[PDB]
Structures are given as C-alpha cells and as structure tokens.
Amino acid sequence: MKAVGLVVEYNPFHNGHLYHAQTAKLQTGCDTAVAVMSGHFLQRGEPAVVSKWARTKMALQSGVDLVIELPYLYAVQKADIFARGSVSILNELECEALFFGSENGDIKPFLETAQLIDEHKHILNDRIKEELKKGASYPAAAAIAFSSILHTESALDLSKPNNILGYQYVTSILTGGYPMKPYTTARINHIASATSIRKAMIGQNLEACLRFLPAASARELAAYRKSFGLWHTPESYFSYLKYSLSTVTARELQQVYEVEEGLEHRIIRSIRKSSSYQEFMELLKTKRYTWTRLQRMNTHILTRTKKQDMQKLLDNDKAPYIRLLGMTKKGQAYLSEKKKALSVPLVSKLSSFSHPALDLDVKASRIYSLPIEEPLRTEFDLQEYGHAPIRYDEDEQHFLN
C-alpha cells in the first residue's frame, strides 16, 4: 500500500477540503491519505479558529488517514520554508505522492518552471548581482532577473496563492532528492472558500456556511463552540500582544524572529496608540513588509520567539520529530508498518520526547488558549500534554479515547 501527502491548514475543514482528500487518492492511486497540518498558528500568521485537536477529529471523519502536525518551526513562514519543512515531513513518511491545489488541473507548468528556475539559478543569481549594482532594491533586482527567463508565457501564475505553494512543493521535492510525485487538480453543494466560511462563524452565524461544511465538521465545531465558548480570531490576541510589547526592551524586540533591524522602534510607537489589531497593523505596514508578513512577525512577538533559536532549528535538514495528532485504522496500520523506518521520533503523547521545536509547539498552544475564559481555558490546557492521538474507526464512528 502507498501514500498520498497533502499539505493542509484546514481552516476549517470544508467540502472543498473533501474534494482535495478524495481526488488525491483517485488521481494518485494511493489508498492512504496523510496530511501534514499547521497546528495553532498558520502560514499567513493568524490563529486557527479552532484547536488542532478538533480539526483532527473532522479530518479523520472526512477521509484523511494520518494527521501529523507541521511544527511551528516550519508552519509560520513564507511558502518556501513552509514547503521545505512540510515536504520533508511527507518525505519522512514515505508518501509516494504530493497532491496540491491550484487553479490548474495540470501538474506540468509547475514542473517546467521548477527546472527552468532550477537550472537558470546561476544565470538568475548572477543576474540579480548586476542589478543591485545599478542601485535597485533586491526585490526590484529579483523581479528583473525572473522576467528574462520567465516572461515566456508558460504560464505559471505565481499570484494565485496555492500555485505559489505548489511551486515551492515541487521545488522542495526537487532540491530535496525525494522520490515523490507531485499531482494536482483544479480548485472550485458548490464549494466555498475557507475564508468566507470563517467570516460566517465569526458573525456568530455558522448556519450560512453549512451546505459547504461536511456533517462531521459542523458538530465538532458546534461542539467546540459549546465546549470552549468561542471561535478564535486574531483580535482575540491583541490584548496579549499589547502586554508582550509592554514587557520587552527595544534591544529585546530586535531579537524576535522577523523583527528586522530598526523596526522595533516603529513597533513600540504604534502599539501604545493602537486600540485594535486593525489599527496597529495600519500603523505597521511598510514597503518592506507585506500584510501577511506582519501577521507572522506579530505572532512571533506573541510567542516571543527569538531569531537565534529560530536560526538554530531551521538549520536542521529534516523535521525534528513526527507529531502524531490523529489516525484512522488505516493510518494506524500504515504507521506501524513504517514506524520502524522513521528516523526521527514519533510523538503521540508529549512525554515521549524533548526537542526545542516541540516546546515551541507547546508554547504556541499555551498562548493560543489564552482567549478561553477561565476555568474553561485550563481544561483546554490539559490537552497538549494530555491528548493522545485521536483514533477514528472508518467502520463508522468509533473514537477510542
């Protein structure tokens, strides 16, 4: 038996994510779907509207076999590091394939571009050279080099988000040396975006988005809103970011991952007079910082992650551990087969390992749950250490916990 990897934030799990998990198998030919998922803070820098334990329960019912956490180390990063770490994880798990979405059903222009950029990298990087000399910025210089080779209309659209993610997936397998086959199909009960679906529940109104949500999801959601009493938004953390930037020194704020040299001063001026995450971000955005990148930096400023430590962990060539959130009986079976071949530990309960990348995952949790009104917060906190992998039986509805 053979495995198809999916890189997913599942924010939340909806019918579209279903179209992914089912097409993957049919198109690749693998009877096993393994997803590596961003746990509590995602690639664009925002918190998951629900815990990674809940979203696991949803995915395990909707056709994913193994749910592995994408360590925070790799998860809050722009696409290439995100892809590098997530593709390493799928590599560790011997997935025969990688199934990623774009607005194209075709895996070809991802391929053709990759080599082109793979082979021209010298020409390219020598072409970035010449341009800085003319006094242009680096993004300028980079844009000028790309366009010489890449203005041939291939045409890979490096705008459409998930295509960028596709390119870096294909990229990472290529410089990785992984025996992995990238697949893909076109994105599209017509299906809704995860975004618009989020606004729904955020408006307290989860009823709008139901037909777009698989059944298992709605309950687990309703159960999560019933269990812990909120849905999680970025504005839930503003109060704690405001504490963070209060209790730090501009020398200390310089060392937080993604705070570039000099910005820490602008950072502190803005936060004092910022009455919302919205306003704060409004005072923050620069030419040097995209919207999303600020959400990333702000999340780091939330977990108080230092550059040096982050540099330490990125230097590792492979995922430090395999963090097991959940599994079906196929998942369990696929795992126990390959487990002996896993070269890094397999974490199910947190007492089975100690690594700096994992405290980071645990810390992210302890921060993530802050919005839950006490005592309800503390019950939640028992989960990271408490919650053992969630086990579903595809012979319907058996959770064994």
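For every residue, the number given is its place in the sequence shown, counted from 1.
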Per the entry, how many deposited residues between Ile188 and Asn189 lack coordinates? The answer is 10 or more
Higher-scoring stretch by recorded Cα B factor average, 285-293 or 309-317: 285-293
For the stretches 370-378 and 64-72, which has the higher mean C-alpha B-factor as given in the deposited record? 370-378
Residue of maximum C-alpha B factor among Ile81, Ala192, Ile271, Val87, per deposited coordinates: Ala192
By the CA temperature factor listed in this entry, which of these ranks top: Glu258, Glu252, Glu207, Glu92? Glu207
Among the modelled residues of its chain, does the C-alpha B-factor of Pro161 lie in the lowest, middle or highest third? middle
Looking at the C-alpha B-factor of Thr184, is it in the lowest, middle or highest third of its chain? middle
Where does the C-alpha B-factor of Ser276 rank in its chain, lowest, middle or highest third? highest
Chain thirds of CA B-factor: placement of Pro47: middle
Assert third(CA B-factor, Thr328) within chain per record equals middle
